[PDB]
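> Protein chains in written order, with PDB author numbering: chain E, 1 to 258; chain I, 2 to 40, 47 to 174; chain G, 4 to 129, 134 to 151, 184 to 240.
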RNA sequence: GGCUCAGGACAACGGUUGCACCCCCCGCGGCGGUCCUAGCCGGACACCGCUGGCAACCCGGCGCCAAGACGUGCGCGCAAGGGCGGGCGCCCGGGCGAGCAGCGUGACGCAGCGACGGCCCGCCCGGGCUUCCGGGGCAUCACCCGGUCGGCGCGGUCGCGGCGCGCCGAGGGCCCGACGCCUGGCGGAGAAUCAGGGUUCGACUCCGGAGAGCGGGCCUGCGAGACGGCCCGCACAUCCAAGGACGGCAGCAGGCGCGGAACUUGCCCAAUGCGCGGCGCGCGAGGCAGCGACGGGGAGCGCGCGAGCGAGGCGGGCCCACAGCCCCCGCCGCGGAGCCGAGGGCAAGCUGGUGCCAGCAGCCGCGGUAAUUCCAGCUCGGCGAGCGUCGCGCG
Ligand SMILES: [Mg+2]
Ligand SMILES: [Mg+2]
Ligand SMILES: [Mg+2]
Ligand SMILES: [Mg+2]
Ligand SMILES: [Mg+2]
Ligand SMILES: [Mg+2]
Ligand SMILES: [Mg+2]
Ligand SMILES: [Mg+2]
């Protein structure tokens, strides 16, 4: 048993969806604690070197970050291993590139370019309501954020809209049947659909039944269901409408692209 | 050192298991405080550095504590005279060792100074006009460094009186 | 070797000198004497008679120093804690066992460390200068090519005054904001219930 | 981080639950009210100067001086713990499946923050334990356990618990194989073999566990019962100017011994990451090269009646942290096959020797004068830069 926490991470043990080459090396970046966890995040360096290709090595990323050339939720970050998660805001004013981090159908991270009208807020999921010191109510979110004195109408599992400049709630979408959702966990990551039914088993998980826009139906547990508006998404989403094609169609598309 | 790990015990069938690692620091214990009633010498409390930087204070000698009368809602600080009953062992009583659950005798001055002039439980008044009152210890000396408690009343008081009467 | 390089130091003049001793019988008046104990110079009749000295330390023949509460004429071993004399620690909480000569003075010593406390009117070959200067504000205030002078410390300059005032202002603002947020919340909830810690005093 | 698999067989480990019995550094987001000289407090030590001891290791005495160090500390009440505060057959908000959190109030106590302001809370990684199922062999081991099984009470612990102690009762496990003994016993993901069903192995790449000569103990720290941290006993070992002092390569190279059996005492952080920190440092982690018939893959010792082309050397590129190496470009141009066998299984036959001798032979067998089987020549067959022999597993 290791006498303390773990500071390394073998490349072969890294999450599958990060898409890291087997021969790249023995080691891989180790994300640091922050807004999101290890298995629900991705480091900055991977976005800035293996995707956008603005850097070729660790050193270039170090210089770019320490020069303060990237903003996260309106705040410059200088850690190459800082974790980037879901429904976050990515801005690079030098090239005027604004992205919101969402999930693709295949179950991997993607950058959705956006406008200036909606980059001042983010959507977050509320999953804990509790009493703090002196008995003052609080709440928490999927990005490790705490807000004091919320409205009583807000309950757990809901979704909250908050300005980037100020962490003040603007509007909240309830968790109810007939609302569009985005799956964010397991075999169905990235699929968009509307709720149809809710079944609860005492002392265990709660299962949600949704129907895609084209009629496909699927299930998952309530711990990975995210609300994105009332019958219509509040934010801009990737080109495809959360439709997971079959193997035949993907093979056809690959053949066309080749 | 002292430990409470279960590797050194036997199985439900009474068989020897065998040791597969050396001793570990999570599974350690410490020598008992053995809090003594005072009856150089004075209130002596020490401190212990526990896991995670926490601080645990155990008392070695003390003489005062806070006591309550629930029925009359009266609470003051008093002096403990001696211990007179303890279920676990009689040796503790002879040595006047303080632990949770010990039945002690307190002085009546802080209570009689305001009582004996209001209708209340008869037995408590009888104790008040005397020099001592039966009480109990509710805190855990050796873990918080204090000795608090409450005054007896009702069936339990009868139980303890019947127990210690012949002596 | 049968000798003792006696070291003499003067706090007032900061002058130190050493000599040599070739005998012991002249030093039977030195035996049985502990540290921090007066030792008359009558034994040293060559201009040190009528002068009082105090023993401060020494080293035995093998080099082992002399500890305080040993109260013995022989060196012994003991576990030395961090920060104790004659022990240099390598780790934060490392201990070490080593030999030290007992405080009691005896014929075995090859060195002696003695000071001068009270001297006779006669002068001796053995003024105190200063190599550095006080640096704190209080010190210099109490006491009144390249030019080198120490930089000053503990002195208040405007930026510190502004910093303290700003910190006070920010703290007051924070407390006021929390107070008004709480009051607005309490004004709300007119149709429900609350439980919070009342401010006493 | 790296090395190894000694120990250990309802354990470890693998899948699945829980903490309404828990602790948690960095980081992120919040919060921030503190009982009774504040234009800024006090004294030290380090290095350092003088003076010295001893072979070495080691340190002594005096002396002015610095802090985001140490100590005290200005300030709007606040740590831990404790007493009282719900119901009338059950069910039908802060939160729950679940009377759990918080608060008020009567008394104790002044913990933490504060001479450039953070105690505190939530999340995260991690750890501890814990439910259920699986988890080697021997019956020439059939009965075993006695804190062993439960209850009550206290102590101690981050914390539940026979974890420890006092009292009480008796209990628990077993042919659906207990207990005992053995193991040249780390486990899993996996590997070898090949119709289908299966058998054997699983040091070693990734995850987890355990250890640093054997056995124990402890400080610092959020976190270690840590050994490139200290203390003791035991077994070895070293230096001594003989009084004393000192050590732990199952880390990288190297050496002795052992065995059938296994490499350079090389260069560099440029790459992948780790620690510290702003325009970088360090890393025997890691990379590059050297040896290398464990081994795997791709070409070649000619085609043709004359031309062509390799390997090889000389120089330039490219690559490289520097060098190699592959590959590209001009000049000159080393063409090399062995290991088994020829009675059958099993594809493949001519003379000379020797004479149940010498020898061959996995089995049957040959050899006592043609020896189709030994020893040589010729010839021929198999595979091929590989071939044959020995032991193990699968078939
Ligand atoms: Mg105060
Ligand atoms: Mg301070
Ligand atoms: Mg073994
Ligand atoms: Mg391993
Ligand atoms: Mg270890
Ligand atoms: Mg150890
Ligand atoms: Mg070592
Ligand atoms: Mg180590």
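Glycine included, every Cβ here is placed at the ideal spot set by N, Cα and C.
Along the stretch 145–172 of chain E, where does the CB come closer than 7 Å to a CB of chain G? Name the residues.
The stretch 145–172 of chain E vs chain G, Cβ under 7 Å: 149, 152.
> In the DSSP assignment, find the beta strand (DSSP E) that holds residue 157(I) and state where it starts and stops.
Along the second chain, read from residue 1 onward, the residue named residue 157(I) stands at position 150. Looking at the DSSP string, the run of the beta strand (DSSP E) that includes residue 157(I) is 156–158.
> Can you list, in chain order, the stretches of the beta strand (DSSP E) that have 3 or more residues and sit fully within the stretch 86–147 of chain E?
Listed in chain order, the complete beta strand (DSSP E) runs (minimum 3 residues) inside the stretch 86–147 of chain E are 88–92, 97–103, 109–113, 121–131, 137–141.
> Hey, residue 121(E) and residue 111(E): beta-carbon distance below 9 Å or not?
The residue given as residue 121(E) occupies position 121 in the first chain. The residue given as residue 111(E) occupies position 111 in the first chain. Cβ atoms of residue 121(E) and residue 111(E): not closer than 9 Å.
> To the nearest whole angstrom, what separates the beta carbons of residue 6(G) and residue 113(G), a pair I think is in contact under 8 Å?
Start at 1 with the first residue of the third chain, and residue 6(G) comes out as number 3. Start at 1 with the first residue of the third chain, and residue 113(G) comes out as number 110. About 7 Å; that satisfies the 8 Å criterion.
> How big is the Cα-Cα spacing for residue 34(G) and residue 136(G)?
Position 31 of the third chain, counting from 1, holds the residue named residue 34(G). Position 129 of the third chain, counting from 1, holds the residue named residue 136(G). Looking at the two C-alpha atoms, the distance is approximately 35 Å.
> From 168(I), 6(I), 5(I), pick the residue whose C-alpha is nearest to that of residue 93(I); which is it?
Residue 93(I) sits at position 86 when you count from the first residue of the second chain. The shortest Cα separation from residue 93(I) among 168(I), 6(I), 5(I) belongs to 168(I).
> Under 9 Å between the Cβ atoms of residue 125(E) and residue 160(E)?
Looking up residue 125(E) in the first chain gives position 125. Looking up residue 160(E) in the first chain gives position 160. Taking 9 Å as the Cβ cut-off, residue 125(E) and residue 160(E) qualify as a contacting pair.
> Could you list which residues in chain G have their beta carbon closer than 7 Å to that of residue 135(E), in chain order?
On the first chain, position 135 is the one that residue 135(E) refers to. Those are 234, 235, 236, listed as they occur along chain G.
> Using a beta-carbon distance below 9 Å, is residue 231(G) in contact with chain E?
Position 192 of the third chain, counting from 1, holds the residue named residue 231(G). It does: the Cβ of residue 231(G) has a partner Cβ on chain E nearer than 9 Å.
> Would you call the CB atoms of residue 148(I) and residue 99(I) closer than 9 Å?
Indexing the second chain from 1 puts residue 148(I) at position 141. Indexing the second chain from 1 puts residue 99(I) at position 92. No; because the gap between Cβ atoms is not below 9 Å, this pair is not in contact.
> Could you tell me which residues DSSP pairs with residue 1(E) in its beta bridges?
What you label residue 1(E) is simply residue 1 of the first chain in a count that begins at 1. Paired residue(s): none; residue 1(E) is not in a bridge.
> Can you grab the Cα-Cα spacing for the pair residue 135(I) / residue 146(I), in whole Å?
Counting from one through the second chain, the residue named residue 135(I) turns up at place 128. Counting from one through the second chain, the residue named residue 146(I) turns up at place 139. Between residue 135(I) and residue 146(I), the C-alpha separation is close to 24 Å.
> Specify the secondary structure class of residue 248(E) as computed by DSSP and reduced to three states.
Counting from one through the first chain, the residue named residue 248(E) turns up at place 248. In this structure, residue 248(E) counts as helix in the three-state DSSP scheme.
> Under 9 Å between beta-carbons, which chain E residues line up against residue 90(G)? List them in chain order, please.
Within the third chain, the letter at position 87 stands for residue 90(G). Under the 9 Å cutoff, chain E gives no residues; its nearest Cβ is about 28 Å from residue 90(G).
> Since residue 64(G) contacts residue 111(G) with CB under 8 Å, what's their CB separation in whole angstroms?
As a first step, residue 64(G) is located in the third chain; it is residue number 61 there, counting from the start. As a first step, residue 111(G) is located in the third chain; it is residue number 108 there, counting from the start. With a Cβ gap of about 6 Å, residue 64(G) and residue 111(G) count as contacting.
> Using a 10 Å radius around the Cβ and a threshold of 16 neighbouring Cβ atoms, would you call residue 109(I) buried or exposed?
Residue mapping note: residue 109(I) aligns to position 102 of the second chain, counting from 1. Under this definition residue 109(I) is a buried residue.
> Quick one: using the 10 Å Cβ neighbour count with 16 as the cut-off for buried, is residue 26(E) buried or exposed?
Here residue 26(E) is taken as the residue at index 26 of the first chain, counted from 1. Flag for residue 26(E) reads exposed.
> Taking a cut of 8 Å between CB atoms, which residues from the stretch 210–229 of chain G lie near chain E?
Hits within the stretch, in order: 220, 221, 224, 228.
> Cβ of residue 88(G) within 9 Å of Cβ of residue 68(G)?
Looking up residue 88(G) in the third chain gives position 85. Looking up residue 68(G) in the third chain gives position 65. In contact: residue 88(G) and residue 68(G) (Cβ atoms closer than 9 Å).
> Would you give the residue range spanned by the beta strand (DSSP E) that residue 88(I) belongs to?
For the purposes of this step, residue 88(I) is taken as residue 81 along the second chain, with counting starting at 1. First-last of the beta strand (DSSP E) with residue 88(I): 81–92.
> On a CA-only basis, which of 50(I), 5(I), 78(I), 72(I) is nearest residue 131(I)? Give me that one, please.
Reading the second chain from its first residue, position 124 is the one you call residue 131(I). Taking only the C-alpha atoms, the option nearest residue 131(I) is 78(I).
> Since residue 265(E) is in the alpha helix (DSSP H), which residue starts that stretch and which ends it?
An answer regarding residue 265(E) cannot be provided, because it is not within the stretch 1 to 258 covered by chain E.
> Label residue 57(I) either buried or exposed according to how many other C-beta atoms from any shown protein chain fall within 10 Å of its C-beta, with 16 as the threshold for buried.
Counting from 1 along the second chain, the entry for residue 57(I) is found at position 50. It is exposed - the Cβ of residue 57(I) has fewer than 16 other Cβ atoms within 10 Å.
> Between the Cα of residue 174(E) and those of 221(E), 147(E), 231(E), spot the shortest distance and give me the residue it belongs to.
Locating residue 174(E) in the first chain gives position 174, counting from the first residue. Closest option to residue 174(E), Cα to Cα, is 231(E).
> In terms of alpha-carbon separation, which member of 73(E), 47(E), 239(E) lies closest to residue 64(E)?
Counted from its first residue, the first chain places residue 64(E) at position 64. Looking at the Cα atoms, 47(E) is the closest of the given residues.
> How would you write the range of the alpha helix (DSSP H) that residue 205(G) sits in, first residue to last?
For this step, residue 205(G) is matched to residue 166 along the third chain. Note, residue 205(G): alpha helix (DSSP H), 197–226.
> In chain order, what are the residue ranges of uninterrupted beta strand (DSSP E) at least 3 long that sit wholly in the stretch 10–40 of chain G?
Listed in chain order, they are 19–21.
> Where does residue 102(I) fall in DSSP's three states?
In the second chain, residue 102(I) corresponds to position 95, counting from 1. Here residue 102(I) sits in helix by DSSP.
> In terms of DSSP beta bridges, what is residue 99(G) paired with?
Here residue 99(G) refers to the residue found at position 96 when the third chain is read from its first residue. Per DSSP, 83(G).
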